[PDB]
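# Per-entry structural report
The lines below spell out each chain.
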Amino acid sequence: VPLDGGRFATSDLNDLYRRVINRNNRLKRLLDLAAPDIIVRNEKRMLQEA
Amino acid sequence: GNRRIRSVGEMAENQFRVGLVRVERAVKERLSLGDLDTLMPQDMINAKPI
Amino acid sequence: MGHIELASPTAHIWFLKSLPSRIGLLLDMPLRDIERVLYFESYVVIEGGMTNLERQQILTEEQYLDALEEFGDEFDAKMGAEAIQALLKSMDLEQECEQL
Amino acid sequence: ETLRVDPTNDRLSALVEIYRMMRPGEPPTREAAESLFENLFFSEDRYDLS
Amino acid sequence: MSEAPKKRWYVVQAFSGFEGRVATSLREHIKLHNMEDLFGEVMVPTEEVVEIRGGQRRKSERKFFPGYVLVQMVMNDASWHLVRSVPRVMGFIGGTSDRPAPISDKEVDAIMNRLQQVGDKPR
RNA sequence: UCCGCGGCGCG
DNA sequence: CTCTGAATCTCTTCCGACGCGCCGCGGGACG
DNA sequence: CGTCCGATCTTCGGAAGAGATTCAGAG
């Protein structure tokens, strides 16, 4: 909903999708560039948590 | 005999106490970098949390 | 409708965090270990072969690396939601149901 | 009857037990457990009776 | 006076925007508690993509992974307490919370070569 | 303008 | 002796009327 | 003008259901 001002009426769904997609593409960037094994472990853990 | 009342004074005291513990944690963190008299006691103090 | 391509497998929470442990009862092993395996803190064996480990052998981090030192040839242990998916792939309904 | 069910007979092991109970999954240490016990009931920063 | 092993690297999870602050906070704790021998250095990855125009100009600071940092230590419960006591940072990552696992040095020197390859000929 | 939460009141 | 095993104890979880009206709130720290 | 998100509030029944225990029994 466009609110009169610099911000709009946003539910939590869009923010959650933004967080999850950011997590996913950051994990993809890590794995593609051959990230160290320990990093991708906690990365996948936190993606699953998200 | 075991139920009391508290008023605006107690609420102000408790909120002010919480603000002070937060700000003193911040002040201790910044004073850990303490050094010889190149600082004047206003920049360490931050009124924003209070 | 659209979709997002998850780079890594993840477990559906409802099939995990419910009073009936559908994943646990389908895998016949208590939900305590599935949580640990899914949240990346312990290892599970997936068909370790003719070794001293069982099909559903739960392992810790220290024991996993020790076993890998001696049994890195064909013993394979995978860890995580991808491991859970792979383990679920490697089972058959008919033999299990007739055995039960 | 309480002492019969008691799993410990020494101060160190009881401190270990309470330290593990209140915060699960943490390294049991004599110094950490003793400090936490003293900060729960005898340090004015956290515990305070009016 | 007999334990002189390969001095280890572990990983510490740091909140976004405090990475340099976490690094200098650990440096400050090292220089304050005066166990500068037990503790080592911190290797946080940095690379510099440079573009003359297009919003941000002449420099753009990006890094391989923001959420984590690599720090040099030895195995010590006192060191564990010192790292955990640092504010604005969460702590170690490993198989168990009590003792995190080390990192294989093969990918360590692989990422050393990677940062050497990306980071060269400044400006 | 449109969304959500909290508080109060009415039935 | 021992494994079983029915019973017992303990730990986790989803739940709590239905309409209406009014008002207040709706980030925030940092490169 | 955009980018990206660490400390402890603390005390209900009321069941329902699942998990852990236990001790007891024919022997």
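Residues numbered from 1 in each chain as written, not as in the entry; some residues may be left out. Chains lettered and ligands numbered in written order. Part of a larger assembly, values for the part shown. Heavy atoms only, no water.

The record lists cryo-EM as the method behind this PDB entry and 4.1 Å as its resolution.

### Re the protein's contact with RNA strand F
Residue and element names in this part refer to chain A. To keep it simple, the criterion reads: Proximity is defined per residue: if any heavy atom of the residue lies within 4 Å of a molecule or strand, that residue is considered near it. Distance and chemistry together define a polar contact, namely a pair of N or O atoms within 3.5 Å, with one atom able to donate a hydrogen and the other to accept it when in protein, and with adjacent residues in sequence counting only for side-chain atoms on both sides. Under the scheme applied here, ten amino acids are nonpolar (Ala, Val, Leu, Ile, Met, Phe, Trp, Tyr, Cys and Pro), four are charged (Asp, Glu, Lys and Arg), and all others, including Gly, are polar.
Every residue lining RNA strand F is accounted for by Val1, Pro2, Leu3 and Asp4. A share of 75% is what sugar and phosphate atoms reach among the atoms of RNA strand F within 4 Å of the protein. Here a phosphate oxygen of RNA strand F sits 3.5 Å away from a polar atom, N or O, in the main chain of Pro2. Between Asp4 and RNA strand F, the recorded distance is 2.7 Å, taken from a backbone N or O atom to a phosphate oxygen. Among the residues forming the surface near RNA strand F, the class breakdown is three nonpolar, no polar and one charged.

### Topic: helix α1 (residues 8-31) of chain B
Just so we agree on the cut-off: Going along the chain from the N terminus, every DSSP run of H or I of four or more residues is numbered as a helix, and every run of E of two or more is numbered as a strand. Helices are assigned an expected span. That span is 1.5 Å times one less than the residue count. Note on exposure labels: buried denotes an accessible area under 20% of the residue type's maximum, exposed denotes more than 50%, and partly exposed covers the range between, all computed with a 1.4 Å probe on protein chains only.
Counted at 1.5 Å a residue, the expected span for α1(B) with its 24 residues is 34 Å, and the 33 Å between its end C-alpha atoms agrees. When we look at burial in α1(B), the residues that qualify are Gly19(B), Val23(B) and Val27(B).

### Details of the interface of chain D and chain E
Rules: Contact between two residues is taken to exist if any of their heavy atoms lie within 4.5 Å; hydrogens are not considered. Buried area is calculated as the accessible area (1.4 Å probe) missing from two parts once they are joined, with the contributions of both summed. Whenever a carboxyl oxygen of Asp or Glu lies within 4 Å of a side-chain nitrogen of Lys or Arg, that contact is scored as a salt bridge.
Each side of the interface is counted separately: chain D has five residues, and chain E has five residues. Each partner contributes to the roughly 360 Å² buried at the junction of chain D and chain E, and carbon and sulfur atoms together form 54% of this total. Inspection of the region where chain D meets chain E yields zero salt bridges. Run the count over chain D and chain E and you get one residue pair in polar contact. Class assignment for the residues of the side of chain D that touches chain E results in two nonpolar, two polar and one charged.

### Overview of a nonpolar patch on the surface
Residue and element names in this part refer to chain D. Let me state the cut-off plainly: What makes a patch is a set of residues exposed beyond 30% relative accessible area and free of salt bridges, joined within 9 Å when like-charged and within 5 Å when nonpolar (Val, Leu, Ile, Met, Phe, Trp, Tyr). Using the Shrake-Rupley algorithm and a 1.4 Å probe, accessible areas are obtained, with residue cover drawn only from the displayed protein chains.
Taken together, the side chains of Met21, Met22, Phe37, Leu40, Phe41, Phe42, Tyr47 and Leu49 define a hydrophobic patch exposed on the protein surface, amounting to about 850 Å² of accessible area. Listed by contribution, the elements that provide at least two residues to the nonpolar patch are α2 (11-22) and α3 (30-41). If one sorts the elements of the nonpolar patch by residue count, α3 sits on top with three residues. Relative to the assigned elements, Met21 resides in helix α2.

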